[PDB]
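S.K.: Take this structure, written in structure tokens, and hold onto it; I'll ask about it next.
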Amino acid sequence: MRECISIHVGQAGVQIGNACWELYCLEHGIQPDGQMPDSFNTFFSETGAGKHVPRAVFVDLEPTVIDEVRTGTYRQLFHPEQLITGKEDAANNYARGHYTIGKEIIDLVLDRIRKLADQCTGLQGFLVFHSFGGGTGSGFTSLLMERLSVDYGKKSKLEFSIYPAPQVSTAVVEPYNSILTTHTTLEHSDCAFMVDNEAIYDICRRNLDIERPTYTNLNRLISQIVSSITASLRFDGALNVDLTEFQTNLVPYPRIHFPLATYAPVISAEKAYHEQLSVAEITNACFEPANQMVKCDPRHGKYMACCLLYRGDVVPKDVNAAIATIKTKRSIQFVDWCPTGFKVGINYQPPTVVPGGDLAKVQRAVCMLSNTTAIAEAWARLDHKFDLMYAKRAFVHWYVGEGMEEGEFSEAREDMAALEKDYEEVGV
Amino acid sequence: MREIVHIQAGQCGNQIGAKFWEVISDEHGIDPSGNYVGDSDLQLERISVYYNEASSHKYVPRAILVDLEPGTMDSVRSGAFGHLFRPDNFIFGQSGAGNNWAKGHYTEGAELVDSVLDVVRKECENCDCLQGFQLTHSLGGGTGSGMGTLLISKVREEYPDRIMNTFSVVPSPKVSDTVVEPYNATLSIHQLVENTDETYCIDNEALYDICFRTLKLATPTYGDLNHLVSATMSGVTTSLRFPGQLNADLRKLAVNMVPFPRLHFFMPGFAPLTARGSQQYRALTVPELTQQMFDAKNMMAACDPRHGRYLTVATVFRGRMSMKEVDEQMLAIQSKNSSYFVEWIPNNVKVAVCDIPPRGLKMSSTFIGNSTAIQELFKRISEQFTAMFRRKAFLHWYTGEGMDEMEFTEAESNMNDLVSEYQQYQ
Ligand SMILES: Nc1nc2c(ncn2[C@@H]2O[C@H](COP(=O)(O)CP(=O)(O)OP(=O)(O)O)[C@@H](O)[C@H]2O)c(=O)[nH]1
Ligand SMILES: Nc1nc2c(ncn2[C@@H]2O[C@H](COP(=O)(O)OP(=O)(O)OP(=O)(O)O)[C@@H](O)[C@H]2O)c(=O)[nH]1
Ligand SMILES: [Mg+2]
Ligand SMILES: [Mg+2]
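In structure tokens, the structure reads:
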């Protein structure tokens, strides 16, 4: 009776949908057909006798992405229509996704989630998965998030952004679209999670010892932190954490709601037998300057708040003892106004592992979503990318020709600009 | 879905076209009769991009094989994978118009332009959705440069909302099978700077040079040159034509590769190129394909990437690899060759991947790069043009048919204004 659902945008979100729903179907025992041979009430919808279907929409303008699902193995699992599909991609453009191509397809996706919303008794919020590349994940979500702000202003609006790394950028216009996308997420979304492609590489390279990590191995990790956030709802726990209180603990201010993520136990199968995983170890593993999935320096940035979500065979005393170790460490600090920066969550469900999965089966695990000033450094790098090319007036005529104005680009930077000062002011 | 027409012109395009479908028919298991025999379904899912689905579960392409003389298409009908084309799309003329641009552009093209604007207007609206327009010509001839330039000029004013592209074989001084190809190319570039938003300035000079050192073949025929260009543009479109771990269609790469409208003249590439003997010794891996495709000798064009700096590049892979080894290297490429890449635009690369490989290989890539090295190309044609234009030679073939003398000075001004912009950002 909680009804957490999940919309997906872009091949970033869709291919994560292949991971997130491969994970959930393994948790509940749902076959790939959709028919299981309560927990599923949050994410799925029961139908008929045993048929269950996910409460999601894989909206994506590029038809080549969704056809992998419609030609895949979860064909008879997903409802056919909620795999919304356009005809021409946004082509790494806020403009082509925000206004022009969006108008042709909002009618299909909005009416479907509305068919899911009213069908739900009471829903907590919708999980978004949009990348700041520039295509559907930047502009088409901007129009989508604001139309849901007016439709659903009260409800929580989560998202999981694959933020482009500062050192590496998969496309050329990522410095533009990420800066344009910052406006809709800081004003509408209640807490916006961030992930880097270069960060996840370092985890699975160093720890898991995989020098050829693929997006079916990256997203298989972001599937877990999402499951970690929602396992409090999806399953019972000795100390649960709801989304309305999850974000309440991270968000002291309305604009300061852009945390990072972390998932400590990431180890191979043979690596597991050698090293016993203790609650004080996976806890300390999260606070490393590299184990987090965002390229930043937590030592330089003061932490503001955290929600450690342990899961599996876990007890509360060693969590209470572990966090005591954290406050003693000088490398890990907290801001003066926050005496307590630790929210805690436990549940008896261990993390489920995909068969043939790089991740290992561990009796317990933890995810923590730290809100800190360390993320200002990652953004300062890309704001330098933006104003640099924007000073040259590069690639703007592709946007201006689509309909936007030159003044909008300066306003989006100004919104990001004042956002940087906020982390600096509160840091004092 | 995201369909697109396919146009030819001259000996070049129609011969490039004959092998453009030699490979794509193999990418889809299509016979020369048009029948589907391939076993995979990933290839058949997006058959609609190039093929009007014909009766008896047959498939035939858009393939507007246009030419001003029938000598080409009379050969293409007999050629392999030639029967699959539609005979209505064999738009022929009486005389080939010669190497005279104006006599292939103004009058004798206008005599035939209405016959080819209707069939494309037929195929265009017949398509559910069109991604753009795509042709294959040369800037040196009169056919590929006269009507092939008029054609796309009239298609943009009829379909300006749609992006497009063109694979123009530019002339060259060494391999110079034409005298007035400066005039033919100087006048076609006058249109292509605005009438097309991405031009792949291939040059027949390099394509021999590649095949001597890299392939080490003793008899490179025109076909063997075309097998590079045919398997090249197939890579540009493989993103939308097949599933991919990360997809870059014609629009997704054109928008983020072209910073300014005038600067859209590219140079393609193709990484795995080996003799039949030296392939076994080379283990083809992403770090080795990558260094193989950023070098000067692999890219097919008459310019030097070392001299001019890169503005934007793209690497459309066709293998089932990891994106780690891809982008860790292409950052290493920009670390080693940091001087060769422009500093204003960080991370000039636009990578793209496809899950399926081509026939026979396990991995493959294509290097599209917008550089200031092609400055030397247009800087050289303006020298050939200016020396031949200072003495008003070969003009009376242009002036008599039409083509007022003022237009020549306008063309060189734009190309001089064109290279003026490359050096401005260099
Ligand atoms: N790399 C390749 N270059 C070619 C091929 N075929 C032709 N060419 C070159 O392209 C140039 C274009 O010549 P054309 O195709 O226009 C001969 P055509 O009589 O049809 O032109 P007009 O003079 O307009 O009548 C010429 O200089 C050739 O050197 C080919 O298959 N591969
Ligand atoms: N973690 C992860 N990130 C991805 C994946 N695919 C794409 N991305 C990121 O998403 C950004 C590109 O946006 P896309 O999601 O591809 O947008 P799109 O669906 O192509 O939208 P169009 O361009 O309109 O087709 C890049 O910066 C990538 O870093 C993936 O499988 N996993
Ligand atoms: Mg896409
Ligand atoms: Mg000709």
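Quick mapping for you: the protein sequence lines, in order, are chains A and B. Taken in order, the first sequence gives residues 1 to 37, 47 to 437; the numbers are from the authors' numbering. The authors' numbering puts the first residue of the second sequence at 1, with every later residue one more than the last. Backbone N, C-alpha and C fix where the C-beta goes; we use that ideal spot for every residue, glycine too.
(1) Using the beta-carbon of each residue, which ones in chain A are nearer than 7 Å to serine 322(B)?
(2) Are the CB atoms of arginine 309(B) and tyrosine 340(B) nearer to each other than 8 Å?
(3) Could you tell me which whole beta strand (DSSP E) segments of length 3 or greater appear in the segment 339-383 of chain A?
(4) Hey, out of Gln94(B), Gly319(B), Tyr59(B), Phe385(B), whose CA is closest to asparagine 416(B)'s CA?
(5) Assuming contact is defined by CB atoms lying nearer than 8 Å, are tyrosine 399(A) and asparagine 102(A) in contact in what I supplied?
(6) Note down, in chain order, every chain B residue with its Cβ under 8 Å from the Cβ of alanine 374(A).
(7) Check whether the Cβ of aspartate 306(A) lies closer than 8 Å to any Cβ atom in chain B.
(8) Could you tell me the alpha carbon to alpha carbon distance between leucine 311(B) and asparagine 370(B), rounded to whole angstroms?
(9) Which residue from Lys379(B), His264(B), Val229(B) puts its Cα closest to that of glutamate 22(B)?
(10) Could you tell me which chain B residues have their CB closer than 7 Å to the CB of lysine 394(A), listed as they occur along the chain?
(11) Could you name each continuous alpha helix (DSSP H) segment of 4 residues or more that falls completely within the segment 381-419 of chain A, going from the start of the chain to the end?
(12) At 7 Å on the CB atoms, spell out the chain A contacts of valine 351(B), in chain order.
(13) Going along chain A, which residues have a C-beta under 8 Å from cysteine 129(B)?
(14) Is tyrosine 172(A) buried or exposed, if buried means 16 or more other CB atoms sit within 10 Å of its CB?
(15) Reducing DSSP to helix, strand and coil, say where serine 140(A) ends up.
(16) Kindly indicate if chain B contains any beta-carbon less than 8 Å away from that of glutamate 77(A).
(17) On the DSSP bridge assignment, give the partners of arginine 320(A) in chain order.
(18) Which runs of the alpha helix (DSSP H), 4 residues or longer, sit entirely within the segment 22-51 of chain B?
(19) So, is the C-beta of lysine 362(B) closer than 8 Å to a C-beta in chain A?
(20) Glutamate 71(A): buried (16+ other C-beta within 10 angstroms of its C-beta) or exposed?
(21) Spatial neighbours of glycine 310(A) within its chain, please: CB distance less than 6 Å, with the 5 preceding and 5 following residues excluded, ordered by chain position.
(22) What is the rounded straight-line gap between the Cα of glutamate 376(B) and the Cα of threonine 292(A)?
(23) For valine 353(B), which residues from the same chain have a beta carbon less than 6 Å from its beta carbon, with the 5 sequence-adjacent residues on both sides left out?
(24) Does the beta carbon of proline 261(B) sit closer than 8 Å to a beta carbon anywhere in chain A?
(25) May I ask you to verify whether the segment 287-302 of chain B touches the segment 391-402 of chain B, counting CB pairs closer than 8 Å and requiring at least 3?
(26) Tell me the DSSP secondary structure of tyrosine 262(A) in three-state form.
(27) Taking only heavy atoms of ligand 3 into account, decide whether any of them is closer than 7 Å to the Cβ of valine 74(A).
(28) Which complete beta strand (DSSP E) runs does the segment 341-387 of chain B hold, if anything under 3 residues is left out?
(29) Tell me, to the nearest whole angstrom, how far the beta carbon of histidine 105(B) is from that of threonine 149(B); I am working on the premise that it is less than 8 Å.
(30) To the nearest whole angstrom, what separates the beta carbons of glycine 142(B) and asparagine 195(B), a pair I think is in contact under 8 Å?
(31) For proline 243(B), which residues in chain A fall below 9 Å Cβ to Cβ?
(32) Report the rounded CA-to-CA distance for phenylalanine 351(A) versus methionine 203(A), giving the unit in angstroms.
(33) Just mark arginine 229(A) as buried or exposed, buried being the case when its beta carbon has 16 or more other beta carbons within 10 Å.
(34) Indicate, with yes or no, if ligand 1 has a heavy atom lying under 7 Å from the CB of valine 5(B).
(35) List, from N- to C-terminal side, the beta strand (DSSP E) runs of 3 residues or more that fit wholly inside the segment 52-80 of chain B.
(36) Taking C-alpha atoms, which residue in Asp98(A), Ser236(A), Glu207(A) lies nearest to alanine 299(A)?
M.R.: Put simply:
(1) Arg221, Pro222, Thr223
(2) yes
(3) 351-354, 373-377
(4) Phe385(B)
(5) no
(6) Those within 8 Å of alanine 374(A) in chain B number zero; the least Cβ separation is about 24 Å.
(7) no
(8) 6 Å
(9) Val229(B)
(10) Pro346
(11) 384-401, 406-409
(12) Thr179
(13) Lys96, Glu97
(14) buried
(15) coil
(16) yes
(17) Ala374(A)
(18) 42-45
(19) no
(20) buried
(21) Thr381, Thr382, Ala383
(22) 60 Å
(23) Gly244, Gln245, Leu246, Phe317
(24) yes
(25) no
(26) coil
(27) yes
(28) 349-352, 367-371
(29) 7 Å
(30) No, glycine 142(B) and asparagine 195(B) are not in contact; Cβ-Cβ is about 17 Å, not under 8 Å.
(31) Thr73, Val74, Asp76, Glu77, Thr80
(32) 20 Å
(33) buried
(34) no
(35) 58-61
(36) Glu207(A)
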